[PDB]
Amino acid sequence: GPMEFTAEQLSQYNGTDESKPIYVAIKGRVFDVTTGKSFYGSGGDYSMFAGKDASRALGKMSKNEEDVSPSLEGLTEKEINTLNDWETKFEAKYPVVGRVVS
């Protein structure tokens, strides 16, 4: 499989380090958004998503810190519709360096 990044490791790219890139989790998939760390990077548009899975937050589109779940273990249709689509938006934009595992 891919590199597969754990929530722990993935949480090491929320934008703040010097080299450490920026990886976002979506439905358990680690995506690359470093292309715009200005948004995800330390304190940015996706400050809550940085080093966190904003699947639910993406779905309902709340960007809530609690809506950031590394698992769709609840993601309803409302969020799924958007979340699921959010995947294509991020997947068809951000490079997948791996998929969230642990």
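Residues numbered from 1 in each chain as written, not as in the entry; some residues may be left out. Heavy atoms only, no water.

- Method of determination, as given in the entry header: solution NMR.

- By the naming in the PDB entry, the protein is putative steroid binding protein, taken from Arabidopsis thaliana.
- The record deposited in the PDB is entitled "Solution structure of a putative steroid-binding protein from Arabidopsis".
- Per UniProt, the protein has the following entry under Subcellular location: "Nucleus".
- The UniProt entry for the protein carries the following text under Sequence similarities: "Belongs to the cytochrome b5 family. MAPR subfamily." (UniProt positions renumbered as here; feature names shortened; annotations may be inferred.)

## Quick notes on the pairing of strand 1 (residues 23-26)
- Side chains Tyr-23 and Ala-25 project from strand 1 onto one buried face, and the interleaved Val-24 and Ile-26 project onto a second face that is buried too.
- Sheet analysis places strand 1 next to strand 2 (residues 29-32), joined by 4 bridges and oriented antiparallel. Pairing of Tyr-23 across the sheet is with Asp-32, part of strand 2.
- Where strand 1 hands over to strand 2, the hairpin turn is made up of 2 residues, of which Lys-27 adopts a positive phi near 65°. (Buried < 20%, exposed > 50% of the residue type's maximum accessible area, 1.4 Å probe, protein only. Helix = DSSP H or I, 4+ residues; strand = E, 2+ residues; numbered from the N terminus. Pairing = 2+ DSSP bridges.)

## Let's talk about unusual backbone geometry
- At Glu-4, a position not held by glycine, the phi torsion is positive, near 55°.
- Within the element layout of this structure, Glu-4 appears in the segment before helix 1 (7-10).
- When its relative accessible area of 31% is taken as the criterion, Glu-4 is described as partly exposed.
- You will see that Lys-63, though not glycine, has its phi angle at about 65°, which is positive.
- With respect to the secondary-structure elements, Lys-63 resides in the loop between helix 3 (55-61) and helix 4 (77-91).

## Here we look at the UniProt feature "domain: Cytochrome b5 heme-binding" in the protein
- Mapped onto the present numbering, the UniProt feature "domain: Cytochrome b5 heme-binding" falls at residues 3-84.
- For residues 3-84, the end-to-end C-alpha separation is 22 Å, with 28% helix and 10% strand making up the annotated structure.

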